[PDB]
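Q: Just data06.cif, nothing more (mmCIF, C-alpha atoms (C1' of nucleotides)):
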data_entry
#
loop_
_atom_site.label_atom_id
_atom_site.label_comp_id
_atom_site.auth_asym_id
_atom_site.auth_seq_id
_atom_site.Cartn_x
_atom_site.Cartn_y
_atom_site.Cartn_z
CA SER A 2 -34.16 16.40 -15.70
CA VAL A 3 -30.94 16.07 -17.82
CA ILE A 4 -32.03 12.44 -18.34
CA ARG A 5 -35.52 13.40 -19.52
CA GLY A 6 -34.06 15.94 -21.98
CA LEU A 7 -31.58 13.42 -23.39
CA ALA A 8 -34.22 10.67 -23.63
CA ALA A 9 -36.50 13.02 -25.61
CA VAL A 10 -33.71 14.02 -28.03
CA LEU A 11 -32.46 10.47 -28.52
CA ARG A 12 -35.99 8.95 -28.57
CA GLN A 13 -35.03 6.50 -25.79
CA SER A 14 -36.47 5.67 -22.35
CA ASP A 15 -35.28 7.49 -19.23
CA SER A 16 -34.41 4.06 -17.82
CA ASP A 17 -32.19 2.99 -20.72
CA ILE A 18 -30.30 6.34 -20.67
CA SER A 19 -29.78 6.05 -16.90
CA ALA A 20 -28.66 2.43 -17.16
CA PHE A 21 -26.16 3.26 -19.94
CA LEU A 22 -24.65 6.14 -17.95
CA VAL A 23 -23.75 3.98 -14.95
CA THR A 24 -20.54 2.78 -16.68
CA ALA A 25 -20.29 5.52 -19.34
CA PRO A 26 -16.87 6.79 -18.06
CA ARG A 27 -15.36 3.41 -19.01
CA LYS A 28 -16.89 3.18 -22.49
CA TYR A 29 -13.85 4.54 -24.38
CA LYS A 30 -11.64 2.92 -27.00
CA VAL A 31 -7.94 3.76 -26.57
CA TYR A 32 -5.59 3.82 -29.61
CA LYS A 33 -2.41 5.49 -30.87
CA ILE A 34 -1.89 8.02 -33.67
CA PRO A 35 1.64 8.49 -35.12
CA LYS A 36 3.34 11.83 -34.57
CA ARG A 37 4.79 13.59 -37.62
CA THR A 38 8.41 13.13 -36.40
CA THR A 39 8.78 9.97 -34.20
CA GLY A 40 6.50 8.50 -31.52
CA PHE A 41 2.73 8.39 -30.91
CA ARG A 42 -0.14 10.25 -29.31
CA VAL A 43 -2.60 8.21 -27.20
CA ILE A 44 -6.27 8.97 -27.97
CA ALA A 45 -9.43 7.82 -26.10
CA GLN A 46 -12.64 7.84 -28.18
CA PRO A 47 -16.08 7.26 -26.49
CA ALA A 48 -18.20 4.35 -27.68
CA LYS A 49 -20.90 5.18 -30.27
CA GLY A 50 -23.79 5.16 -27.74
CA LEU A 51 -21.91 7.57 -25.51
CA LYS A 52 -20.96 9.86 -28.40
CA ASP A 53 -24.65 10.22 -29.24
CA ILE A 54 -25.44 11.16 -25.65
CA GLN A 55 -22.53 13.63 -25.54
CA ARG A 56 -23.68 15.34 -28.74
CA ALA A 57 -27.25 15.50 -27.41
CA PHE A 58 -25.99 17.07 -24.18
CA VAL A 59 -24.03 19.75 -26.04
CA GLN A 60 -27.08 20.44 -28.22
CA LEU A 61 -29.37 20.82 -25.18
CA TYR A 62 -27.07 23.00 -23.06
CA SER A 63 -25.43 26.14 -24.41
CA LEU A 64 -22.34 27.10 -22.36
CA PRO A 65 -20.74 30.57 -22.80
CA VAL A 66 -17.59 30.94 -24.94
CA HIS A 67 -15.42 34.06 -25.30
CA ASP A 68 -14.83 35.68 -28.72
CA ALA A 69 -11.05 35.30 -28.32
CA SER A 70 -11.62 31.50 -28.41
CA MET A 71 -10.95 30.49 -31.99
CA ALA A 72 -10.91 26.68 -31.81
CA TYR A 73 -14.05 24.54 -32.29
CA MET A 74 -16.14 27.60 -33.15
CA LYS A 75 -18.70 27.63 -35.93
CA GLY A 76 -17.54 29.83 -38.80
CA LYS A 77 -14.06 30.48 -37.31
CA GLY A 78 -10.69 28.77 -37.68
CA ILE A 79 -6.94 28.90 -38.00
CA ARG A 80 -7.19 31.57 -40.74
CA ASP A 81 -9.16 33.89 -38.46
CA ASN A 82 -6.77 33.20 -35.61
CA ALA A 83 -3.69 34.03 -37.71
CA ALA A 84 -5.35 37.09 -39.30
CA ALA A 85 -5.98 38.59 -35.85
CA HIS A 86 -2.19 38.93 -35.38
CA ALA A 87 -1.06 39.70 -38.96
CA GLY A 88 -0.84 43.50 -38.59
CA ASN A 89 1.33 43.42 -35.40
CA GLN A 90 5.13 43.23 -35.54
CA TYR A 91 5.84 41.59 -32.15
CA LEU A 92 4.50 38.15 -31.26
CA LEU A 93 4.30 35.98 -28.11
CA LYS A 94 3.14 32.38 -28.06
CA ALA A 95 2.30 30.46 -24.88
CA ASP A 96 0.93 26.94 -24.23
CA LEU A 97 -1.02 25.19 -21.45
CA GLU A 98 0.24 21.83 -20.15
CA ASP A 99 -1.89 18.66 -20.50
CA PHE A 100 -4.81 20.98 -21.20
CA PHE A 101 -7.68 18.49 -21.70
CA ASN A 102 -6.50 15.96 -19.12
CA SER A 103 -6.10 18.79 -16.56
CA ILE A 104 -9.86 19.53 -16.68
CA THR A 105 -11.64 17.55 -13.92
CA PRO A 106 -15.28 17.48 -12.70
CA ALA A 107 -14.13 19.74 -9.83
CA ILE A 108 -12.87 22.40 -12.25
CA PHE A 109 -16.01 22.09 -14.36
CA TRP A 110 -18.39 22.63 -11.44
CA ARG A 111 -16.27 25.46 -10.06
CA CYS A 112 -16.50 27.17 -13.46
CA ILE A 113 -20.29 26.69 -13.54
CA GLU A 114 -20.53 28.26 -10.06
CA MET A 115 -18.19 31.14 -10.87
CA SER A 116 -19.50 31.95 -14.36
CA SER A 117 -20.62 35.55 -15.09
CA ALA A 118 -22.71 34.81 -18.23
CA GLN A 119 -25.97 32.80 -18.05
CA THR A 120 -24.96 29.21 -17.28
CA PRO A 121 -27.57 26.40 -17.31
CA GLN A 122 -28.67 25.46 -13.82
CA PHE A 123 -28.40 21.80 -12.95
CA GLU A 124 -30.16 19.99 -10.16
CA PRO A 125 -27.74 18.28 -7.70
CA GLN A 126 -29.20 14.90 -8.72
CA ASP A 127 -28.16 15.59 -12.33
CA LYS A 128 -24.56 16.45 -11.46
CA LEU A 129 -23.50 12.80 -11.17
CA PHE A 130 -25.01 11.98 -14.58
CA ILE A 131 -23.30 14.97 -16.17
CA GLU A 132 -19.93 13.82 -14.80
CA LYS A 133 -20.55 10.39 -16.31
CA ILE A 134 -21.47 11.92 -19.66
CA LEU A 135 -18.51 14.26 -19.98
CA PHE A 136 -15.52 12.69 -18.18
CA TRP A 137 -13.39 9.61 -18.95
CA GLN A 138 -12.04 7.17 -16.33
CA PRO A 139 -8.55 6.17 -17.62
CA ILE A 140 -7.77 3.83 -14.67
CA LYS A 141 -10.32 0.99 -14.13
CA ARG A 142 -9.34 0.56 -10.46
CA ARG A 143 -9.40 4.28 -9.61
CA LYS A 144 -13.04 5.39 -9.86
CA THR A 145 -12.13 8.80 -8.39
CA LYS A 146 -9.94 10.05 -11.32
CA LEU A 147 -12.15 11.56 -14.07
CA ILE A 148 -10.69 13.78 -16.79
CA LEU A 149 -11.64 15.28 -20.14
CA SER A 150 -10.42 13.36 -23.20
"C1'" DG B 1 -0.59 5.22 -14.57
"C1'" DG B 2 3.54 2.61 -14.18
"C1'" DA B 3 5.18 -3.71 -16.24
"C1'" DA B 4 10.04 -5.40 -15.95
"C1'" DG B 5 14.69 -4.43 -15.46
"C1'" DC B 6 17.95 -1.25 -14.43
"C1'" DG B 7 20.95 2.20 -12.23
"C1'" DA B 8 21.37 7.08 -9.70
"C1'" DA B 9 21.48 8.98 -5.30
"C1'" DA B 10 22.15 8.74 -0.77
"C1'" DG B 11 22.69 6.58 3.84
"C1'" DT B 12 24.80 2.83 6.76
"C1'" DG B 13 28.02 -0.92 8.21
"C1'" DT B 14 32.29 -3.48 7.49
"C1'" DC B 15 36.85 -4.26 7.83
"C1'" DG B 16 41.79 -3.79 7.17
"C1'" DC B 17 45.38 -0.87 8.03
"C1'" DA B 18 48.62 2.18 10.93
"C1'" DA B 19 49.89 3.77 15.19
"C1'" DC B 20 50.30 2.75 19.52
"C1'" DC B 21 50.89 0.00 24.04
"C1'" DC B 22 52.44 -3.93 26.83
"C1'" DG B 23 55.20 -7.71 28.81
"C1'" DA B 24 58.75 -11.17 27.56
"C1'" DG B 25 63.39 -12.27 26.65
"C1'" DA B 26 68.63 -12.49 25.52
"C1'" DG B 27 72.22 -10.71 27.76
"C1'" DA B 28 75.64 -4.92 26.95
"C1'" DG B 29 78.36 -2.98 30.23
"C1'" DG B 30 82.27 -5.48 32.44
"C1'" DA B 31 82.37 -9.87 36.23
"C1'" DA B 32 76.62 -8.98 39.18
"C1'" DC B 33 72.86 -8.65 37.55
"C1'" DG B 34 69.99 -7.18 33.95
"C1'" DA B 35 70.86 -2.02 29.63
"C1'" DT B 36 68.72 -1.79 25.30
"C1'" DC B 37 66.30 -3.44 21.58
"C1'" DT B 38 63.21 -6.51 19.20
"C1'" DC B 39 59.32 -10.37 19.25
"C1'" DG B 40 54.47 -11.30 19.60
"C1'" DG B 41 49.97 -10.19 20.97
"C1'" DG B 42 46.30 -6.88 21.85
"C1'" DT B 43 43.50 -2.35 21.42
"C1'" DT B 44 41.64 1.69 19.11
"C1'" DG B 45 40.62 5.15 15.56
"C1'" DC B 46 40.10 6.05 10.96
"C1'" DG B 47 38.29 6.19 6.37
"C1'" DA B 48 37.57 3.96 1.87
"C1'" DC B 49 34.36 1.31 -0.02
"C1'" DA B 50 30.83 -2.36 -0.05
"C1'" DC B 51 26.15 -2.95 0.90
"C1'" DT B 52 21.27 -1.33 1.28
"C1'" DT B 53 17.21 1.24 0.22
"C1'" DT B 54 14.34 4.26 -2.42
"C1'" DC B 55 13.10 6.48 -6.65
"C1'" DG B 56 11.71 6.80 -11.27
"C1'" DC B 57 12.15 5.96 -16.56
"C1'" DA B 58 7.38 4.41 -19.47
"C1'" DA B 59 5.91 -1.22 -21.83
"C1'" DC B 60 0.69 -1.77 -22.27
"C1'" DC B 61 -3.80 0.98 -24.43
"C1'" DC B 62 -8.13 -1.98 -21.14
"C1'" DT B 63 -15.05 -4.97 -24.45
"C1'" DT B 64 -16.20 -0.18 -25.83
"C1'" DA B 65 -12.60 3.87 -32.79
"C1'" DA B 66 -13.39 5.14 -38.16
"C1'" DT B 67 -12.05 4.93 -42.82
"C1'" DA B 68 -13.29 11.10 -49.63
"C1'" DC B 69 -8.82 14.40 -49.46
"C1'" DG B 70 -6.32 18.44 -46.79
"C1'" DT B 71 -5.34 21.95 -42.29
"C1'" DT B 72 -5.34 23.06 -36.76
"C1'" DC B 73 -5.77 21.51 -31.27
#
Step by step, read the file and then write its structure as structure tokens.

A:
Amino acid sequence: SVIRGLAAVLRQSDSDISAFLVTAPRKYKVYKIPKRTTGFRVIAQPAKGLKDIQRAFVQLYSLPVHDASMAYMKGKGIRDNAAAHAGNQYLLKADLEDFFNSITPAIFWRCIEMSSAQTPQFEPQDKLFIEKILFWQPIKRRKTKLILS
DNA sequence: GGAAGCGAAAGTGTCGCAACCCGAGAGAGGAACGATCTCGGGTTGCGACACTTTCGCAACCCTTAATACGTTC
């Protein structure tokens, strides 16, 4: 079903979407961006074909997001985030470690299962395709390690 | 995640020294052997240190990226 939806949006055949997705987790270009002090960050960008599929997926399936989440939200940004705290005198900042690379298919599916608000329902057959759409395989030899980039 | 080279940490084995034991031997005391002391060789316990083994830092960025200027993750 996910495949049919994507094929319709991208005006492609079910077969060509399915074929592309077989090795989608490996279709990432890896490069370095300089840090502002010394050193580099390593970035993995999906190939163009995969980016299109990923955008289509996000368009087709609305996942719930809390109002406290300020990043990547339409009409919100760093100004809104800062303004939320401007009237208070005491401040605490905390950070999550390796945030994106900590999110695995296992976490994703657990969150789907646990979620209070109306999550899209996926057929078991679609779960494998979704994993291939959303998660990157950093290590060629280790097919079992999929993470968000 | 983890190349290649490197060294920290930690466990094990080696080996040389000191202390001890043993029998051999020249020959004090005084006039018959053999007292006392030292040579030379062997054993055993000890502990400092050499040797061995494992771990972990982080090169590379995989065929697969985009290019109007800034900010944030």

Q: What does the distance from atom CA of residue A:30 to atom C1' of residue B:5 come to in Å, to one decimal?

A: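 Computed distance, atom CA of residue A:30 to atom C1' of residue B:5, equals 29.7 Å.
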
Q: Name the residues that the PyMOL selection byres ((chain B and resi 17-32) around 9) picks from the file above, as a VMD selection string, using the file's chain letters and numbers.

A: chain B and resid 16 33 to 36 39 41 to 44

Q: Find the residues around residue A:32 up to 8 Å (only C-alpha atoms (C1' of nucleotides) counted), leave out those fewer than 6 positions away in its own chain, and share them as a PyMOL selection string.

A: (chain A and resi 43-45) or (chain B and resi 61+65)

Q: Enter the distance from atom CA of residue A:142 to atom CA of residue A:29, in Å, rounded to one decimal.

A: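 Atom CA of residue A:142 sits 15.2 Å away from atom CA of residue A:29.
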
Q: Could you please tell me, as a short mmCIF file (atom, residue, chain, number, x, y, z; two decimals) with C-alpha atoms (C1' of nucleotides), in the coordinates of the input, which residues of chain B have an atom within 8 Å of chain A when using all atoms listed in the file?

A:
data_model
loop_
_atom_site.label_atom_id
_atom_site.label_comp_id
_atom_site.auth_asym_id
_atom_site.auth_seq_id
_atom_site.Cartn_x
_atom_site.Cartn_y
_atom_site.Cartn_z
"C1'" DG B 1 -0.59 5.22 -14.57
"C1'" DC B 61 -3.80 0.98 -24.43
"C1'" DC B 62 -8.13 -1.98 -21.14
"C1'" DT B 64 -16.20 -0.18 -25.83
"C1'" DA B 65 -12.60 3.87 -32.79
"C1'" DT B 72 -5.34 23.06 -36.76
"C1'" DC B 73 -5.77 21.51 -31.27
#

Q: Applying the PyMOL selection byres ((chain A and resi 103) around 12) to the file I just gave you, which residues come out? Please list them as a VMD selection string.

A: chain A and resid 97 to 102 104 to 109 136 to 137 146 to 150

Q: Between atom CA of residue A:123 and atom CA of residue A:56, measure the distance and give it in Å to one decimal.

A: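 Between atom CA of residue A:123 and atom CA of residue A:56 the gap is 17.7 Å.
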
Q: Could you tell me, as a list in words, exactly which residues end up selected when the PyMOL selection byres ((chain B and resi 4) around 12) is applied to this structure?

A: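 Evaluating the PyMOL selection byres ((chain B and resi 4) around 12) on this file yields residues 2, 3, 5, 6, 57, 58, 59 and 60 of chain B.
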
Q: Neighbouring residues of residue A:124 were defined as those with any atom within 12 Å, considering only C-alpha atoms (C1' of nucleotides); residues of the same chain fewer than 6 positions away were excluded. Please report them as a ChimeraX atom specification.

A: /A:2-4,130-131

Q: For a quick check of understanding, using all atoms listed in the file, which of A:135, A:87, A:92, A:129 has the smallest distance to residue A:19?

A: A:129

Q: Could you model N, CA, C and O atoms for stretch 52-64 of chain A and present them as a compact mmCIF listing (two decimals), in the frame of the given file?

A:
# COMPACT_ATOMS: atom_id res chain seq x y z
N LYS A 52 -21.13 8.71 -27.53
CA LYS A 52 -20.96 9.86 -28.40
C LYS A 52 -22.29 10.54 -28.69
O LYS A 52 -22.39 11.76 -28.62
N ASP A 53 -23.31 9.72 -28.99
CA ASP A 53 -24.65 10.22 -29.24
C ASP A 53 -25.18 11.02 -28.05
O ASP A 53 -25.71 12.12 -28.24
N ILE A 54 -24.99 10.48 -26.85
CA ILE A 54 -25.44 11.16 -25.65
C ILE A 54 -24.69 12.48 -25.49
O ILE A 54 -25.30 13.49 -25.16
N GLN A 55 -23.36 12.44 -25.70
CA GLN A 55 -22.53 13.63 -25.54
C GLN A 55 -22.97 14.73 -26.50
O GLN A 55 -23.10 15.88 -26.09
N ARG A 56 -23.22 14.37 -27.75
CA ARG A 56 -23.68 15.34 -28.74
C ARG A 56 -25.03 15.92 -28.35
O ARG A 56 -25.24 17.13 -28.49
N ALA A 57 -25.94 15.05 -27.87
CA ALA A 57 -27.25 15.50 -27.41
C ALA A 57 -27.10 16.49 -26.26
O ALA A 57 -27.80 17.51 -26.24
N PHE A 58 -26.20 16.20 -25.32
CA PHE A 58 -25.99 17.07 -24.18
C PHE A 58 -25.56 18.46 -24.66
O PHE A 58 -26.12 19.46 -24.21
N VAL A 59 -24.59 18.50 -25.56
CA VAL A 59 -24.03 19.75 -26.04
C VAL A 59 -25.10 20.54 -26.78
O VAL A 59 -25.12 21.77 -26.69
N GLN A 60 -25.96 19.83 -27.53
CA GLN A 60 -27.08 20.44 -28.22
C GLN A 60 -28.05 21.08 -27.22
O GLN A 60 -28.51 22.20 -27.45
N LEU A 61 -28.35 20.38 -26.12
CA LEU A 61 -29.37 20.82 -25.18
C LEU A 61 -28.88 22.00 -24.34
O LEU A 61 -29.69 22.86 -24.00
N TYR A 62 -27.58 22.03 -24.02
CA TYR A 62 -27.07 23.00 -23.06
C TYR A 62 -26.00 23.87 -23.70
O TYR A 62 -24.91 23.39 -24.02
N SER A 63 -26.34 25.15 -23.86
CA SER A 63 -25.43 26.14 -24.41
C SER A 63 -24.58 26.73 -23.27
O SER A 63 -25.13 27.35 -22.37
N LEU A 64 -23.26 26.53 -23.34
CA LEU A 64 -22.34 27.10 -22.36
C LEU A 64 -21.65 28.31 -22.97
O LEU A 64 -21.31 28.27 -24.16
